[PDB]
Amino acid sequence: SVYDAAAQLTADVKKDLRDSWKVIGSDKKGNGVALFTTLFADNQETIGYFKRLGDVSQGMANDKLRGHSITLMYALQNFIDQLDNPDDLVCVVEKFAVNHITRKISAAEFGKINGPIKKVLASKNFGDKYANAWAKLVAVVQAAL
């Protein structure tokens, strides 16, 4: 279950998540757009899912894309803040899960975000250990899809 997936996040993982978020989370507009734009360049098949955002190739200049990207980073902020309380983490994860379930996004497709996260982390010198920690957090969401 989602609860089991959340309850598994260890102290070392939470530590790595929080330490890395201190940095990548400090510039939500910049890192959010980079994270999201990287998803398109590496997984072109997903572009169609974001038609509401207009021409996503416009990057930062696209106000809809910018608003979406900044807001996505606050979803992650939400997750990071609820780490010490699985019950709260679970209810916010399920809330965001519905938003994707309605868009027909499968657990496998949601996992496509791992590549982008790993790359953004690397641009800030956070290695594989940190990428693995984030994959574990993403896995919590996947348990809900």
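All residue numbers are counted from 1 along the displayed sequence.
Mean C-alpha B-factor is higher over 37 to 45 than over the other stretch, the pair under comparison being 114 to 122 and 37 to 45. Comparing 50 to 58 with 77 to 85, the higher mean C-alpha B-factor in the PDB entry belongs to 50 to 58. Between the residues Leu17, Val23, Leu9, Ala131, it is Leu9 that shows the highest Cα B-factor in the PDB record. Among all modelled residues in this chain, the alpha-carbon of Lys29 has a temperature factor (C-alpha) in the middle third.
Sort the modelled residues of the chain by CA B factor and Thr102 lands in the highest third. The entry lists a Cα temperature factor for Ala144 that places it in the middle third of the chain's modelled residues.
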